[PDB]
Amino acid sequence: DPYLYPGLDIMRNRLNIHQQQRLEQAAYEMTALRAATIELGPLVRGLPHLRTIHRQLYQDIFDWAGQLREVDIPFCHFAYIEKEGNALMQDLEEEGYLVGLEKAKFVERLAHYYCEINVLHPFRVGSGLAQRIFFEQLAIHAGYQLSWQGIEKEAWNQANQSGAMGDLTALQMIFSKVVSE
C-alpha cells in the first residue's frame, strides 16, 4: 500500500503526523474549513471537476489530493476508474446534467448516478464526501437542493449496498426526502 508511511499503519500526510487519532482530528477540521471555501462550480461537469473538489478538500492533508485511486484496497479496479468515470460522466452530459426533470425522474436518475460513481470509488479516501458535494452542486444547477439532515447512518449504507446490487429502491426513498424545491 503505497499511501502508507514505510514503517507504520498511518497514511503519509503533509503535516507529518504519525499518530492515528491526531491525524483524524486535523483532517476533520481542515476538510471542514476547506468545504466552507468551495464554490458552486460549472453546470458542465465531469471527472475533472470531481477531482478538483477532492483536491480542494484534502490539499492540506495529502500530496495526492485530486488524483484517482491507485490501489485496490464491490468497487472498480483502480486502472479502469478513469475510463468508466469518463464514460459515466459523458452519459450525464447526454442527459443535460439532469436539468429540467420533474421531481420523481430527478430522484430516479440521481440515485442511479450516485450509485454508479460510489461503486467506482474514485479516491483512496474521501470519495463519499467529494461525491456528495458534486451532487449538492449538480442539484442546485438543476433547480433542486439536497439536504442530508434526517438520514440515519445505517439506512444510508444499506441503501447504497442494495443499490450496488441493482436494486435502487431504498436509495430512491432516501433521495425523495433529500431532494426538494
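Throughout, we count residues from 1 along the sequence that is shown.
Missing deposited residues between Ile73 and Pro74: 4 to 9, all without coordinates in the entry. As recorded in the PDB entry, 34 to 42 is the stretch of 128 to 136 and 34 to 42 with the greater mean C-alpha temperature factor. Taking the mean C-alpha B-factor of each stretch as recorded, 142 to 150 and 45 to 53 are not equal, and the higher mean is that of 142 to 150.
The PDB entry assigns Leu98 a C-alpha temperature factor belonging to the middle third of its chain's modelled residues. Annotation for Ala164: C-alpha temperature factor in the lowest third relative to the rest of the modelled chain, per the entry. Ranked by Cα temperature factor within the chain, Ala65 sits in the lowest third according to the deposited record. The entry lists a Cα temperature factor for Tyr28 that places it in the highest third of the chain's modelled residues. Ranked by Cα temperature factor within the chain, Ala155 sits in the highest third according to the deposited record.
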